[PDB]
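Residue-level structure breakdown
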Amino acid sequence: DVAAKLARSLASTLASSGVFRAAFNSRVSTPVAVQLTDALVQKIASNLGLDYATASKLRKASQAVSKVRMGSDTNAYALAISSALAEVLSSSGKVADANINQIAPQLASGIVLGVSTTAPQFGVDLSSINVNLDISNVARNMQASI
């Protein structure tokens, strides 16, 4: 399915992002990871211009993150978030084979930007990362993943 392809490629791309790895890793506590994901899905909806109903379903990513055990690696969080988002977007008619190559990098870029605009609310320091460059790299990393 498109959802499986989208989830797998997005997860690999997120795990390659310096911003994403700084926020989601073996040290983040679950309450923080969930609250960060809550804030993040609001940015995803704005960064992708999603309608109100689909936007409401994005919170499934927060529920998925809540089930990840603390101490799990970046890729565990990437997979939890990506599977939830891919399922929502496919089941809501926002992605198909005809446009997955467009949606996938747009979604990954919107997530990296969203994390960069929310992680400092939880004390995550991104000062050592060029966020502009990390977003710039999403396309090449997605090519590698997809």
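Going by the structure above, here's the rest.
Structure report, in brief. Sequence positions in this view are assigned from 1 along each chain in the order the sequence is written. Entry numbering can differ, and residues without coordinates are absent from the display. Each side-chain value is worked out from all heavy atoms of the structure, with water and hydrogens disregarded.

**Focus: the packing of helix α1 (residues 2-15) against helix α9 (residues 138-145)**
The relative placement of two packed helices is expressed as an angle between their axes plus a distance between the axes. Operational definition: Whenever a helix is involved, its axis is fitted only over the stretch in contact; in every case the axis is a line through C-alpha atoms, and angles between N-to-C directions fall within 0 to 180 degrees. Counting from the N terminus, the helices are the DSSP runs of H or I reaching at least four residues and the strands are the DSSP runs of E reaching at least two. When an angle is under 35 degrees it counts as roughly parallel; over 145 it counts as roughly antiparallel; between 65 and 115 it counts as roughly perpendicular; any other value is oblique. Here a crossing is called left-handed whenever its near helix is offset anticlockwise from the far helix by less than a right angle, and right-handed whenever the offset is clockwise. Contacts are assigned to residue pairs that have any heavy atoms within 4.5 Å of one another. For this scheme, ten residues count as nonpolar: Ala, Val, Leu, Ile, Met, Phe, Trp, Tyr, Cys and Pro. Four count as charged, namely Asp, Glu, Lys and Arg, and the remainder, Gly too, count as polar.
Following both chains from N to C, one finds α1 and α9 inclined at 130°, their axes separated by 8 Å at the closest point. Relative to α9, α1 is oriented oblique. Between α1 and α9 lies a crossing of right-handed hand. Counting all contacts with α1, which are made through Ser9, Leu10, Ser12 and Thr13, the residues of α9 involved are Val138, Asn141, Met142 and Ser145. Of the residues in the contact of α1 with α9, the class split is 3 nonpolar, 5 polar and no charged.

**Some points on the pattern of salt bridges**
In plain terms, the rule: Counted as salt bridges are all cases of a side-chain nitrogen of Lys or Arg within 4 Å of a carboxyl oxygen of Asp or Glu. In this scheme, a residue with accessible area under 20% of its type's maximum is buried, one over 50% is exposed, and one in between is partly exposed, where area comes from a 1.4 Å probe on protein chains only.
Overall, the coordinates contain 3 salt bridges when judged by the stated rule. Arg59 serves as the salt-bridge partner of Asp38, at 3.3 Å between the closest nitrogen and oxygen. Residue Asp38 is found in helix α3 (residues 30-48), and its partner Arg59 is found in the loop between α4 (52-57) and α5 (60-67); the two are separated by 21 residues along the sequence. The class for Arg59 is partly exposed, based on a relative accessible area of 46%. Notably, a salt bridge pairs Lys94 with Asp51, separated by 2.9 Å at the nearest N-O pair. Of this pair, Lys94 sits in the loop between α6 (74-91) and α7 (100-116) while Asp51 sits in the loop between α3 and α4; the two residues are 43 residues apart in sequence, bridging distant segments of the chain. What makes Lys94 partly exposed here is its relative accessible area of 30%. A residue is classified by how much of its surface remains accessible, and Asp51, at 29% relative accessible area, is partly exposed.

**Digging into the packing of aromatic side chains**
Formally: Ring geometry is summarised as follows: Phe, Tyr and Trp rings, the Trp one being its six-membered ring, pair when their centres sit within 6.5 Å, and such pairs are stacked at plane angles under 30 degrees, edge-to-face over 60 and tilted between the two.
Here the structure, examined in full by the defined rule, presents 2 aromatic pairs. For the pair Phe24 and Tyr77, a centre-to-centre distance of 5.6 Å together with 40° between the ring planes defines the contact as tilted. Placement of the pair is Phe24 in the loop between α2 (18-23) and α3 and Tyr77 in helix α6, with a sequence separation of 53 residues. Of the two residues examined, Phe24 and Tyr77, each falls in the buried class.

**A few points about the nonpolar core**
Heads up, the condition is: Buried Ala, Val, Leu, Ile, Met, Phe, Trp, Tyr and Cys residues form a nonpolar core when they are joined through side-chain atoms within 4.5 Å.
If you look at the biggest cluster of nonpolar residues, it comprises 47 residues, and the most contacted ones within it are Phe20, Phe24, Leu85, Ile111 and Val115. Of all elements in the fold, only α1, α2, α3, α5, α6, α7 and α9 reach the threshold of two or more residues within this core. Here this core takes 9 residues from α6, the largest share from any one element. In contact with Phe20, other than residues within four places in its own chain, are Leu14, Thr74, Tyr77, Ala78, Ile81, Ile111 and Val115.

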